[PDB]
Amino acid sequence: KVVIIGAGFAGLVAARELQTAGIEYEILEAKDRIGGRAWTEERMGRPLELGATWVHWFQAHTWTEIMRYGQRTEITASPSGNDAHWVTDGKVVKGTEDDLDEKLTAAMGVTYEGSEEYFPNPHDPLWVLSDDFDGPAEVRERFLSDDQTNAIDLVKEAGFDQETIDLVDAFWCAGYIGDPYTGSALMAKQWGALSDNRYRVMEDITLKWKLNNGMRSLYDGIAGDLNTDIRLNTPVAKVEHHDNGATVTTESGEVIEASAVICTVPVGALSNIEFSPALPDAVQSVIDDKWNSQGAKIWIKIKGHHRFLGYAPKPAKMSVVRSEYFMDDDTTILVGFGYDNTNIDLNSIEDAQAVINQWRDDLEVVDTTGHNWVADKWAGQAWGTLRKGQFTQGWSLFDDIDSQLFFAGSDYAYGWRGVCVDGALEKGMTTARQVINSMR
């Protein structure tokens, strides 16, 4: 009776929540697999995360699932103390990872600047615009202006030298997983607020601890709890939505009447669904302009054991590349993040070699792999990141649909929105509660 579109983390956790409340449901998933933009798969000789990878105990929703499904001690920190290399003036500069981190920490000071005023409760991101806001009006002015400024310009305007500008350029090419110059600096400020306003904590939360048994240990755990079979290979083509319910039509033409629809399809793939009535103009505007996520994630295998970290600014094929696994056959697997999925073939050895050649001529790529989420019609984006103006007139607009259609997914979370599974687990669960409370 409640139809959930998508068996990613948001749809799976929503289904479990409805099950707890005794509400009948059905999950319809387009692919022949569950997990969505979390996808653990054997490649290049071991399980690799083609999407979601890192977790932390300061992510409440993710951590509770880690505990629930037996993974409490099954996390491992990524390699640290790497030899670092960074782009600078079209030239490669060498240093320690600590040197690089010190420069990034200095720049984050200015990047986070108004977060203490904007986000006393970092899980109430739009408090500044609410009726409860009791601060100075200049705080609200600066909040709105920061939605229209990118994170690099904050560092430029503070007087940092070109080396730091190029370092933060590379950093935010990875963090916005897209062109950082089109992004909203408020996203970075909220990451600060959720990270105790410390660069080291932000990196601990988003870029340190990996699941030994993969994200699949969590998503298969949730699916294994469900008493209703997930309908795979069942893309939704149309959603009619009204005050008392909804009608879902599949690609095969099957019509399913529903008491509510929980739609977890990401913005990059919402164009595959016809909505009747059409979604509000303000929401359609976000869908047309989408979100800040045009980049890509690669895994590269090189000969030898090398503790490597590289940064390079836009328009590099990859902007952040780091050693992740030292393999038993004297190879290293590195992960990379880049701003433009169309400038790199994740499965081309020559392109992976070009990435490595950004910093070191003498390293030799023997394998490479990745999944181009942006070119995947059921995703159309990597993790959701915000363009200018989307912090205040973007993700939150998906909550005001005056009908039994509800949007859930990491890209609409209050907390670790888009970038983390924590946001999907948060928003799937709380949207199921919206449905539960309505029915009660």
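Sequential numbering from 1, following the sequence displayed. The term rigid core refers to the maximal set of C-alpha atoms that superpose within 1.5 Å between the two forms.
Asker: Do the Cα atoms of 256-264 stray more than those of 81-89 in 6 other deposited structures of this protein, or is it the other way round, with the core held fixed?
Answerer: Once the core is superposed, the stretch further away in 6 other deposited structures of this protein is 81-89.
Asker: Between 130-138 and 315-323, where do the CA atoms move more in 6 other deposited structures of this protein, taking the root mean square over the structures and residues after a core fit?
Answerer: Per-stretch check in 6 other deposited structures of this protein: the more divergent one is 130-138.
Asker: Quick one: is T40 left out in at least a third of the other entries we compared?
Answerer: No, modelled in all of them.
Asker: Should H242 be counted as unmodelled in at least a third of the other PDB entries compared?
Answerer: Result for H242: often missing, at least a third of the compared entries.
Asker: Pick between 56-64 and 384-392: the one whose mean CA B-factor in the entry is higher.
Answerer: The stretch with the larger average C-alpha B-factor is 384-392.
Asker: Mean C-alpha B factor from the entry: is it higher for 293-301 or for 243-251?
Answerer: It is 243-251.
Asker: Have a look at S319, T88, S115, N212 and flag the one whose Cα has the highest B-factor in the entry.
Answerer: Out of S319, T88, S115, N212, the record gives the largest C-alpha B-factor to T88.
Asker: When you compare the CA B-factors of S145, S217, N343, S184 as listed in the entry, which one comes out on top?
Answerer: Most elevated C-alpha B-factor of the set, per the entry: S145.
Asker: Test of reading the entry: by CA B factor among the chain's modelled residues, which third contains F326?
Answerer: Highest third, going by the recorded CA B-factors of the chain.
Asker: Looking at the temperature factor on the CA atom of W359, which third of the chain's modelled residues does it land in?
Answerer: It belongs to the highest third of the chain when residues are ordered by C-alpha B-factor.
Asker: For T431, does the deposited CA B-factor place it in the lowest, middle or highest third of the chain?
Answerer: Lowest third of the chain for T431's C-alpha B-factor.
Asker: Relative to the other modelled residues in the chain, which third contains the C-alpha temperature factor of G45: lowest, middle or highest?
Answerer: CA B-factor rank for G45: highest third.
Asker: Split the chain's modelled residues into thirds by Cα B-factor; is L154 in the lowest, middle or highest one?
Answerer: Highest third.
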